[PDB]
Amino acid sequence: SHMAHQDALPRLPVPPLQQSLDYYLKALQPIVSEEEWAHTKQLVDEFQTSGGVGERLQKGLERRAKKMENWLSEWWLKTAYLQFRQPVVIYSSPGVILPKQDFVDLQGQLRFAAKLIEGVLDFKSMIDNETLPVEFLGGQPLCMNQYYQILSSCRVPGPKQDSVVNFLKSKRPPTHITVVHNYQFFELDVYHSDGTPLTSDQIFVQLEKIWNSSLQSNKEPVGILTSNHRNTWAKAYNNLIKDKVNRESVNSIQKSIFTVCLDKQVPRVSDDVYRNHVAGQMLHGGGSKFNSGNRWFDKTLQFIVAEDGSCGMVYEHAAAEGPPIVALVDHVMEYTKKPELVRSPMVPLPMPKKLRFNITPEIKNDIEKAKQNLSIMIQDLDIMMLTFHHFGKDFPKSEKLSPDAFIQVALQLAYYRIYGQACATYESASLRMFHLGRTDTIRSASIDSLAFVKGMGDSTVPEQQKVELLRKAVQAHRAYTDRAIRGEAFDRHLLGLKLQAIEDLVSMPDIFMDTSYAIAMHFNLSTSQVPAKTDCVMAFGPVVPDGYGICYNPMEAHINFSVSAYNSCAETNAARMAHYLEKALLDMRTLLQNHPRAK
């Protein structure tokens, strides 16, 4: 059973204080001045001295670990998501771009959506029955809690901070999904009164009814309300549900197992930016004129099936990281490729319930304000999708090098080539080997990565020397990665010491008000890898105004990349960063090939 598996998992550890502070100073060397570093060095010594502030905070964290299942869980969920007030669109909820399907008309679009729905329900059977296979990372069993948070759940806006509702294990678990077409929501039961799930054929007939019941695109796009600032949406949400019917419609959406978005046809765009527009459709919907209103962004799982064959999803981040999401994607996509079983006669099926919304002058105004906000967000988003066809994990592996480290080092090289200096860099590391573990930070900008990028562009340094520097940077990254997944990284630890100080009601330690800490936590490069058997890729907006958001799916012979930036910062450009990234990867392969290890 699930519980048995979870109880046997090790608990999130609290790293030794001095250990983390040492790693911290090392990670700072490449991104802060010598002056700033020397000062931080002093603060660190004082902070960790016997009988000092840091020691007391550390003991507090160790006590916290003794009284909780995971000392970090609640703090992280709160600081990273629930208390993050920016719209979840672009800034938080990752978009997922899946392989384009071959359907050429309404028939095929609905057939695929029906197959996808059946596929998700098949995956859900393992969740309900707790038969989901155990996963590993570094030869260690992984926490499976995230899988019990993604279905039949939804984020709920709150005036100060948000909350999340989960009905997967309620006395009466939801048996319906929600489907939105032309901004109109429908409540669709996907299980028979006997408990068995509907088949793809049966689901198709229902989607057909749903489509015919929403041919008109006149209804207000109430769903676009979910794309506004959380403080604003909290107020609009509270007003929206004052109405009996509206509250019931919202309730159905929140309880639904998941949402399926049947997107409308959109204006054909140039082939040189097609991929970018698809990424935009999955991330934000394209705008109030396209599909942004055909969504409910508070919903944990939203599957999008476009009119032109493109498909993907957007998920609310409070529930999980990408891997569990792709595990579902891989299972589902492979499911849509299964044969067509002999289908028995069509049985009587009820009419999918339409979830109506009563619009008032106030709600209408909120909707228009949301349209305006989103329009601004979209205009400011700069996306460049890059299909790196040259090679994938295959080359780095043939060189006895970690593909992920190779890619991260390449990104450090590309950034240095453009800006002439390194920058605070974030890469997601899974902490799932621990009970309820989410993530920690792998810092890609290091002493060794800086040494490599500097040497790489130095026309006075020999190629063979550059090869050594390259391998050393990759090894240093792999080492950091190994420590991160084992709870030996330091970022979540320092955050914990800061939150502990706040809770202890003591003055904010100088170490956290230090300029170096501010620099270290301002990630001009925020990245993550989300490996999948499916040839998909994910995307997300930068975490700082002057930064980039980069995600990739390294496959065997190619790598799918997404690069985002904000137009408000003249110093960043997604296309340029992508170009330099592609060239950095190629130059690194060239360098290594120019000097085989054997001779």
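Position 1 is the first residue in the sequence shown; the rest follow in order.
Higher mean CA temperature factor, per the PDB entry, when comparing 115 to 123 with 483 to 491: 115 to 123.
Between the stretches 441 to 449 and 508 to 516, it is 508 to 516 that shows the larger average CA temperature factor. Sorting 33, 534, 572, 553 by the CA temperature factor given in the entry leaves 33 at the top. The entry assigns its greatest Cα B factor, within the set 417, 390, 242, 471, to 242. In the deposited entry, the Cα temperature factor of residue 60 places it in the middle third of its chain's modelled residues. Placement of the Cα temperature factor of residue 54 within the chain: middle third of the modelled residues, per the deposited record. Ranked within its chain, residue 455 lands in the middle third, by CA B factor from the PDB record. Remark: residue 39 belongs to the highest third of its chain, ranked by C-alpha B-factor as recorded. Residue-level temperature factors show residue 48 in the highest third of its chain, judged at the C-alpha atom.
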